[PDB]
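Notes follow the structure.
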Amino acid sequence: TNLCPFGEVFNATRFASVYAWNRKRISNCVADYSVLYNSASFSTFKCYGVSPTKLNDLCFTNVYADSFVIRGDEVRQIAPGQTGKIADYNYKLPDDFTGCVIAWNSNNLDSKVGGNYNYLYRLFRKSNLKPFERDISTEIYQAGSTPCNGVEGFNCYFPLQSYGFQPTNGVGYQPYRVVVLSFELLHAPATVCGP
Amino acid sequence: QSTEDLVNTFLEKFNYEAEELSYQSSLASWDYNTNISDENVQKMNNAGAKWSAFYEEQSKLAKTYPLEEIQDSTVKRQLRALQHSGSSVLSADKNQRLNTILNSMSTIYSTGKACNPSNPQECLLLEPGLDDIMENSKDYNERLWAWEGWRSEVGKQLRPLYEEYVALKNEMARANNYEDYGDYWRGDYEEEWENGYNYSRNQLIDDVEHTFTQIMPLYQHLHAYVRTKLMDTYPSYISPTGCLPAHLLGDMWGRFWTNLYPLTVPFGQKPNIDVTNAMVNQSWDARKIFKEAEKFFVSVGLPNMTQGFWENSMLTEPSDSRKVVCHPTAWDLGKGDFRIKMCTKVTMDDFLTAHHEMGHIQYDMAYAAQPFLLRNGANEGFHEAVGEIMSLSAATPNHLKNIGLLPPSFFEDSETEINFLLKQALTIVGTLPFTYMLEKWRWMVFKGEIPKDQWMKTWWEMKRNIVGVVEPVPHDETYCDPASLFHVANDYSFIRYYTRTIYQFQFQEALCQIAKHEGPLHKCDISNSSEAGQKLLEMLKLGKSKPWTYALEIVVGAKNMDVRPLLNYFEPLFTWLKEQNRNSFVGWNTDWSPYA
Ligand SMILES: [Zn+2]
C-alpha cells in the first residue's frame, strides 16, 4: 500500500545545499514517469544516453533521486564531462552516466525580501572530486606554506560561502531546483522494472 | 605555491564578496531616489559606509602582493586596478583638513546669493533664476549685473579655500610617485602593453594640440558669422574686429552656444522639423516611446531587453504624495538587474533622451560577462559616445518617415539642412575651445609654471588668445573666476568631453562606411543593418580587459584619435560660411576692450 513520496519532496518548505545533497531511495512502489514527461512544464529537460522511445521495458535494478539547488547559469554545469566550480568541487557525474536530469525554476518560493542567506556551497578544495562523492568537512583551506593554526587570516580562507538570492535579480541569478533520477546499469535480474 | 595561485585565490574571494556588497548599496540608493524620506537617506548612508569600509580594508590588504612577477595580462590588470591606494597615503589630520575644504566649497557653491544693485530686496540663487535671466533676457545691463554679481559674491569667498586645496592635492599626488596632480588626472588614459599599443601620459598633450590646430579654422569662420549677426541686436557695443564680450554668449560661463539660435537663424521663414503634434495625433504613450526605441535597437542587431526592466523600471512621473527627482538616468544595479528612471512626456526631446539612455543600458548589458573589477568602459569617453551615436542616427528624416511620424510626400530642402547643421554646430563645435582652455589652465596651475600672483592675468590672456572673448569689467587678483564653474568646485576632470566629441564621429564614420551609405554623412541612418550592430558588439563585449587602443582598432582601424571625420561632417556648412563671409573680416584682435 506504500506509495512513492513524489509529492512529499516537492512540497518541502526547504531544500538542502548542494554540498550536503540529500539522497532518497525509491523502493517497493511504482511511479508513472510518463505523466511527468508528457507535461513538459519544464523548459530544461535535455538528457541523452537513454532513448525515451521503446526503451521503457528494459528493466533497472533500482532508482535513486538526488536533490540540490543552484543558480540558473550553473544548470548546464550539471552534465557529464564538464568543468567548473559546482561540477568539480560539489557534484560530479561519471562520463558513462545513463539517465536524465530535471530542473525547474523556483523563484517565488526561495526568494525573499532582504535576501536569503541560508543556502551554501563550497569554493576552494585541494583536489577534484571523483564521481558521486559528498564532503561535509568545514576545515579551513590553507593556500600558503605557513600553517594556519585553526584561525582565519592571511592566506587562510573559510571553505564555504553563501548564495544570497533576492526577488529582483536577473534570470541568470535566480534559484533553480534540480532533481536527478539515476538508474543503475548492471547485469542483475532487475525484478522491479518500474515501467 | 607560486604567487599566481596566491593572487588568483585572493581575487576569487574578493569577487564573490564585493558583488553582494555592491548590490545592497545600489538597491538602497535606488529606493532613496524613487522614494524620498529620512529613513531612506539613513539607509543609504549605512550601506555606503559599509561598502566603503570593505573596499578600503581589501585595498590595504592587497597592497602586499609583488606585482612584477605576474605574467598573465588579465590578472595583472585586475591587481593594478585594486592597488590604486589614492588618498590613504596622506596623514589623518591632513585628510580631515582636505575633507573640510571640499565640503565647504560644495556648500558655498550650493547656497550662493546675488542681489540686484538697484533693488537690494530682490536676491536670486543660481539655479532657480540666474539661469533663467541669462538664457532668456536680451538687455545689456540686465545680463551684465548678473554676470558681475555672481563672480563678486562667489569667487572672493572661494579663492582662499582653493589655495589650500591645490597645495594639499599636490602634496598627496607627490606622496604616491606622481610629479603633479595633473599627471594623476592624465594617468587615466595611461596604459602599458606589449606590441605597439602602449600610451604615455605625456602624449595626450601633443595629441590634443595637434587636433586643436586642425579644428581652428571652422571656429574662426563661425565666430565671424556670429559676430556679424549679433552686430544687429547690439549696435553700439560690438566692434567689427574685436572679440565678443563675455556676458552675451547665452549662458553664465559661455560653455554652450545653443541659446543663440533665435538671433542667428540663417533662414527664419522655414521652420525646423518637430513631430510632437503628430505624436499627439496618434495617441502615443511613454511605453509606446520605449517600445519604438527597443524596436530600433533590435533592428540593428542587439538583443531585446530583459523582463525585469519592464517590471521594475519607472517610466513616468508618479502621482500621489511620492516625490521624485526629475533628472534622467540609467542604472545598472548588478547581479542581472537593469532599470531606467525618467519622467517621460510626449515630446521629441523625450524620444531622443530615451534612445540615449537605452544605449547606455545596452552597453552595460553587453560587458556583464567579464569579471567584476573590469566591468566598465574602455575609458571615460566611450560610454557617452556609444549613446550619442544612436541619437544621431535616430534624428534623421528618413527614419522618421519610415516609422510613420512624417507624411510620405514630405521631401527635404537645402535650407532646412543648413539650419540643422548650424544648430548642431553651435552646440558641438563651440564647446571645444572652452574645454581645451580650461584644462590647459588647470594643468599649468597644478604644475607650478603659472605663479600665484598672475593667475587672473594668465586666465584672461589665454581666453583672449584662444577662445575670442573679452571681459566686461577689469578683474583684480582677489577674484577667482574658474571656481564659478560647477566642475571645478566639485573636483571632476574636464577633458572627457573633448575626448568623447572626437571619438563619436569616428565611430559614426566607420559604421556608415560598413553600411554602404552614399551621400553626405549627416544623412546617415544605421537602421536595418546587422553588420554594423555586430561590429559594435565586438567592441562592446571587451570592456576594460584590453587596451582602449585595441578597442578603437577593432572598430575604426586606427590607433589614435583623428579629427578628419568631424570636418567631413560639417563640409556644407564650411562652404556656405566661406561664401557668406566674403566681405566680413575673419579673425580677432586682442587690443580692443569694452571698458577701453
Ligand atoms: Zn549619458
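Sequence positions for chain A are given in Swiss-Prot numbering; the residues included correspond to 333-527, in order.
According to its header, the structure was obtained by electron microscopy, 3.0 Å.
Note that Cβ sites are derived from N, Cα and C of the backbone, with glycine treated the same way.
According to Swiss-Prot, the features are:
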{"type": "DISULFID", "residues": "A:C336-A:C361", "note": "disulfide bond"}
{"type": "DISULFID", "residues": "A:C379-A:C432", "note": "disulfide bond"}
{"type": "DISULFID", "residues": "A:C391-A:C525", "note": "disulfide bond"}
{"type": "DISULFID", "residues": "A:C480-A:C488", "note": "disulfide bond"}
{"type": "DOMAIN", "residues": "A:334-527", "note": "domain 'BetaCoV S1-CTD'"}
{"type": "CARBOHYD", "residues": "A:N343", "note": "N-linked glycosylation site"}
{"type": "REGION", "residues": "A:437-508", "note": "region 'Receptor-binding motif'"}
{"type": "REGION", "residues": "A:448-456", "note": "region 'Immunodominant HLA epitope recognized by the CD8+'"}
{"type": "REGION", "residues": "A:455-490", "note": "region 'Disordered'"}
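Shown here: features listed in Swiss-Prot, placed on the structure.
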| residue | record | CB count, 10 Å |
| --- | --- | --- |
| A:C336 | disulfide bond | 18 |
| A:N343 | N-linked glycosylation site | 6 |
| A:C361 | disulfide bond | 14 |
| A:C379 | disulfide bond | 16 |
| A:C391 | disulfide bond | 14 |
| A:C432 | disulfide bond | 18 |
| A:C480 | disulfide bond | 17 |
| A:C488 | disulfide bond | 17 |
| A:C525 | disulfide bond | 12 |
- Checked against DSSP, the composition of the region 'Disordered' (A:455-490) is 0 helix, 5 strand, 31 coil
- Residue among recorded positions A:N343, A:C391, A:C432, A:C480, A:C488 with Cα closest to the Cα of A:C361 (disulfide bond): A:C391
- Item | Rounded Cα separation (Å) that holds between A:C480 (disulfide bond) and A:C525 (disulfide bond) | 53
- Query: Any idea what DSSP makes of A:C432 (disulfide bond), helix, strand or coil?
  - Reply: strand
- Query: For A:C525 (disulfide bond) and A:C336 (disulfide bond), what Cα-Cα distance in Å is obtained after rounding to a whole number?
  - Reply: 15
- Using C-alpha atoms only, work out the spacing between A:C391 (disulfide bond) and A:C488 (disulfide bond) and round it to an integer in Å. 50
- Alpha-carbon spacing, A:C488 (disulfide bond) to A:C432 (disulfide bond), which is rounded to whole Å: 39
- Here the Cα-Cα span from A:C379 (disulfide bond) to A:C336 (disulfide bond), rounded to a whole number of angstrom, reaches 23
- For the residue listed as 'N-linked glycosylation site' and A:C336 (disulfide bond), the CA-to-CA distance in whole Å is 14
